[PDB]
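Enquirer: coords please:
(chains A, B and C)
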Amino acid sequence: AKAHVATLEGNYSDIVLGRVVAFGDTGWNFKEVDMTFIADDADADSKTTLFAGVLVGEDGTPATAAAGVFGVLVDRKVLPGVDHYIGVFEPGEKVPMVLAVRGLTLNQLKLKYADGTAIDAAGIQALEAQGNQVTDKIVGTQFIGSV
Amino acid sequence: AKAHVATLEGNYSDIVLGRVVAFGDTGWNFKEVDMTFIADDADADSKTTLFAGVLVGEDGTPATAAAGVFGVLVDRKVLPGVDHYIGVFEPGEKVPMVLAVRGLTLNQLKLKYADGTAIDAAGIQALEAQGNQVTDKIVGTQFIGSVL
Amino acid sequence: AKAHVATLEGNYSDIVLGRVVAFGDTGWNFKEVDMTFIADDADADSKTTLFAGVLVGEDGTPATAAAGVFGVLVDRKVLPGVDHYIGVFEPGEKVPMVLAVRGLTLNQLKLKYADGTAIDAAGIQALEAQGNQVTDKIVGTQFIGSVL
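Expert: Residues are numbered from 1 along each chain as shown, chains lettered A, B, ... in the order given. Provided below are the atomic coordinates:
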């Protein structure tokens, strides 16, 4: 008897808190690389397990350790509320993804490895090292019950 | 016989010669780290030994070598003439202080290790590798007793 | 049937496609280096072998491998269409040159090593360590005799 329900909370802004806007080149911050969108050996209807905030190395494989951390995936195809991207790609297909590399302020709490685990402290060094600011200073919000 | 005197030389903008104004995140250039303000072992009211321009690592320990250089202490509590913070703290307590990290131009001549010695030619790479321009072309100033 | 003919091809802004300008400094992207202009063997009246887009190390030696790339030489003395410095510097002299290091979007098709060889894929890593973008998405151009 379970009711069919859908949910949506959070936006792209919550991932990219801040950004340096280079006057001479608006694209100075982003590197575009190709990754496997639909998982391999899966049905055309198998929704991809790629989500905003997954760390990916410059090669394109999602990062499972501090070693492979190069950037943050912010592609417009994997933002919250993007649902109808089903079957438009074949298994094992490689399609371009956009990544943010340098000159950004990132939300510490939402960066996650390929498995979804939060970024290790040793991994934060890679992001901090190159361009970016990683900060967990977030206000949060209260909805109901919590006066 | 030792007439009490005080001196002021330099200020905040005399170290951070230039800054890249990040849009949206105005704190893109700075980090906050907890540091031991009053020495762990010292008199209850001994002034802290920290001075502006001292190199500091990621954990807040003053950098004694190029290996531990991460940033430059910039916080307002250590600027010249801010001695009114004496006695407030207690030995062994750690207090946050702002550090400068990236996107800045730094006056080399005022960067010194914890011991007060001048920055090393190897440690300069760490600061420059962070996205900063360490420079030496400073006009300087000359006072009475110099022919101009 | 021989006539004295001269030609000009390019510009300065096709190497540094974009640049981030800092409020504090308009010159924190670059670095000035001491470079040898005329080799120690070629007589005084001979053209220099450098060109805009040659990768150089910090010590001023033109880059020969991906492990030594530090910046791109974009000084205004070697821009295309100048050609008036022949014989002004005797062999072995050392002259300052303006390198471009940080905060740039750099063309790849014009970057080259010491001998003119194109930039290796593993040499892009060194140049992006300074925080720059190496982009190949250049429309190019096509002159008379071509369709479109």
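
Enquirer: Contact residues of chain A facing chain C?
Expert: Counting by C-beta under 8 Å from any C-beta of the partner chain, the residues of chain A close to chain C are A:20, A:22-25, A:27-28, A:31, A:102-103, A:130-131. To be clear about C-beta, it is placed using only N, CA and C from the backbone, and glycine gets the same treatment.

Enquirer: Need the phi and psi values for residue A:87.
Expert: phi 80, psi 0 (degrees, to the nearest 10).

Enquirer: ok, now how distant is the closest residue in space to it that isn't next to it in sequence from chain C?
Expert: Using C-beta to C-beta, 6 or more residues apart in numbering or on different chains and skipping the chain neighbours, the partner closest in space to residue A:87 is residue A:44 (4.4 Å). Applying C-beta to the nearest C-beta, to the nearest Å, the value for residue A:44 to chain C is 31 Å.

Enquirer: With residue A:100 instead?
Expert: In this view, residue A:100 and chain C are 12 Å apart by C-beta to the nearest C-beta.

Enquirer: which residues touch the closest residue to chain C within chain A?
Expert: Residue nearest to chain C within chain A: residue A:25 (2.6 Å; C-beta to the nearest C-beta). By C-beta atoms under 8 Å, 6 or more residues apart in numbering or on different chains, the residues touching residue A:25 are C:17-20, C:105, C:133.

Enquirer: Looking at the residues you listed, which is nearest chain B?
Expert: Chain B lies nearest to residue C:20 out of the contacts of residue A:25, by C-beta to the nearest C-beta, at 7.4 Å.

Enquirer: one step back: what about the residues of chain A next to chain C, which are in strands?
Expert: Among those, the residues falling in strands (DSSP state E) are residue A:31.

Enquirer: Compare the residues of chain A next to chain C and tell me which has the most neighbours.
Expert: Compared across the residues of chain A next to chain C, residue A:103 has the highest neighbour count, 28 neighbours, by other C-beta atoms under 10 Å in any protein chain shown.

Enquirer: got the contact list for that one?
Expert: Applying C-beta under 8 Å, 6+ apart, we find residue A:103 in contact with A:19-20, A:22, A:28-29, A:131-132, B:22, B:28, C:20, C:131.

Enquirer: give me the element residue A:55 is part of.
Expert: strand A:55-56 (DSSP states H and E).

Enquirer: Run through the residues of chain A sitting next to chain B.
Expert: Neighbours of chain B within chain A, by C-beta under 8 Å from any C-beta: A:17-21, A:103, A:105, A:131, A:133, A:135.

Enquirer: Now a ChimeraX select for only the buried ones of these.
Expert: Buried residues among those (16 or more other C-beta atoms under 10 Å in any protein chain shown), as a ChimeraX selection:
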select /A:17,18,19,20,103,105,131,133,135
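
Enquirer: where do the helices sit along chain A?
Expert: A:121-130 (DSSP state H).

Enquirer: related to what we said a few turns ago, just to check, the residue nearest to residue A:87 is in contact with residue A:85?
Expert: No: Residue A:44 lies out of contact with residue A:85 (C-beta atoms under 8 Å); the separation is 11.4 Å.

Enquirer: follow-up on the earlier one: packing partners of the strand holding residue A:55?
Expert: Judged by 3 or more C-beta pairs under 8 Å, 6 or more residues apart in numbering or on different chains; DSSP states H and E, strand A:55-56 is in contact with strand A:71-73.

Enquirer: now the strand it packs on, how far from the centre of its chain.
Expert: Distance, stretch centre to chain centre, for strand A:71-73: 6 Å (C-alpha atoms, centre = their mean, to the nearest Å).

Enquirer: For that strand, list every residue counted as buried.
Expert: Residues of strand A:71-73 classed as buried: A:71-73 (neighbour count, 16+ other C-beta under 10 Å).

Enquirer: residues near the residue nearest to residue A:87, how many?
Expert: Close neighbours of residue A:44, defined as other C-beta under 10 Å, add up to 11.

Enquirer: repeat for residue A:111
Expert: By other C-beta under 10 Å, neighbour count at residue A:111 equals 22.

Enquirer: Residue A:1 too?
Expert: 2.

Enquirer: Over to residue A:12?
Expert: Neighbour count for residue A:12, taken as other C-beta under 10 Å: 12.

Enquirer: ok, residues contacting stretch A:67-85?
Expert: Contact with stretch A:67-85 is made by A:8-12, A:15-16, A:31, A:37, A:47-48, A:50-59, A:61-63, A:97-101, A:104, A:106, A:111, A:119, A:123, A:126-127, as judged by C-beta under 8 Å, 6+ apart.

Enquirer: meant to ask about stretch A:42-60
Expert: A:12, A:15, A:31, A:33-39, A:62-63, A:68-75, A:78-80, A:85-87, A:89-91, A:94, A:97, A:99, A:107, A:110-114, A:119, A:123.
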